[PDB]
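Each of two forms of one protein chain follows alone as structure tokens, named structure 1 and structure 2.
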Structure 1
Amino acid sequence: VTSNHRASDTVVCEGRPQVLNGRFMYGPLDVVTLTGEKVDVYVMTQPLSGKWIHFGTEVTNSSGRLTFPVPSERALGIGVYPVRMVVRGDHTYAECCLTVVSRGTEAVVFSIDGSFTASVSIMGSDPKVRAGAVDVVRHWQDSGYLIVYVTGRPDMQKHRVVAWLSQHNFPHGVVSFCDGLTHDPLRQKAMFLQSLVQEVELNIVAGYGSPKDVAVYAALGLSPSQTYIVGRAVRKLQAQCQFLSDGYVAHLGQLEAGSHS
């Protein structure tokens, strides 16, 4: 049965302990779990070199999970580093990035579900990408903001979601998923983002999403003027956020004009 491993994008403020997490599973729905097996951890310390450096080894636990502390002697400085976790038993692997940021680094969050998709509501395995969404994200990255993507989907679906993001040429960013265990995705998204602010000390300056995401951003203390939302309920949404009634294309026009707040 085919591997379905996933490693979490790690974002950490420099000077802090750096920890990589992964999960090792077999089959499309996580039917088989990889337990008590060795996984070798590689980092591409020079991100453009293509050269892998062996950092260490860990063992999966009963639910297939792995947590790897980077030895402080090998801590990475500010940057974005490709990471590969390789199961020693069958040479299967998972990939992710370690993002090291300086304290107070500024970021924009995109809550993907129904926001990057043409439909606000219905998304099957490949949905149509909403018009202008890639340009809006690329705008923010070009303006110097760290791009963070959040989704309500379980990380079991990560490989396909990332292929979808790549297929449509979305900028590279931090991608975060739900654990597939509790099924309160809004709650999961909120806590992840709060950990970003409180633990890694990000300055999240703006949030994009669908009407359900408004609570997520409210929970972070983000003001209405920093909350950019697609959808249809005009009067309801106008009261709690910046409603993009015309879609992303017109909105891109306003971003480029610097008249978005």
Structure 2
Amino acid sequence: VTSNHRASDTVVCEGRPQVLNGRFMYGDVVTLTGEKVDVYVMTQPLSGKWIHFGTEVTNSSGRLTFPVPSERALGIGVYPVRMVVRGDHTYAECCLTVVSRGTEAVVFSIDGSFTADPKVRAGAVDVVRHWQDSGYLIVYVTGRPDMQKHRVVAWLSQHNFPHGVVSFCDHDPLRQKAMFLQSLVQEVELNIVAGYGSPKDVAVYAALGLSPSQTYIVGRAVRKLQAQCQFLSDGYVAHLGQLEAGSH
């Protein structure tokens, strides 16, 4: 019945082609195939005024790829995006983040970093907020399908987690996470300087090229992983203290 539309938070380096993606489903029992969707960008992020950028048609799997015209390409900043289904005026929302080349970022694996509605680990929000206030782009990744974005984002907003680029899976979640982060590093030209998560994430970060100094993992240390990461045995609050007195 009710629409369950999702639009991908898109991060892109300046000057580079800007491409927005979305998927449009109802109830994903129903797939919105072959329907016109209008793409809006709030080019003045605090104005509340939407600008129609163009229109695209969803494919057989309800997906949408919309290219931002070069004449309308957005400068460095974060811009709200809304994709409206013309047929019933339902919509999805996501942010377009345009960054300067070599922008430094921090990755958090949502379930493995933040959970213990699941309860939130103590001091997690403050660590993320610390990284953002220190000048780092926040990137949230999760193995969950974007079908659940509506629930995930809400959770993130409930605990007042800082605004960041949120990325969701379709398949193997680890290959997707690894390759996605790789695409951030090579095609978006981000400088990922630290990765957070649970033990299963170590491999992923290792695949990115992150050193064990830069890989923070929750829960007491595990011997197989011994030289592959830093364990946050004492918790996020303690970790925050150890960040604040510089350790990174």
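Only residues modelled in both forms are compared. C-alpha atoms forming the largest set that superposes within 1.5 Å between two forms make up the rigid core. FYI, numbering is relative to structure 1, first residue = 1.
Per-residue Cα shift between the two structures after core alignment stays below 2 Å for all of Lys236, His54, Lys38, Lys51 except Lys236. Structural comparison between the two structures after rigid-core fitting shows the C-alpha of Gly247 displaced 1.0 Å. Fit the two forms on the rigid core and the C-alpha of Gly152 turns out 0.5 Å off between the two structures. In this core-based overlay, residues 231-238 form the only run of three or more whose Cα positions differ by 2 Å or more between the two structures.
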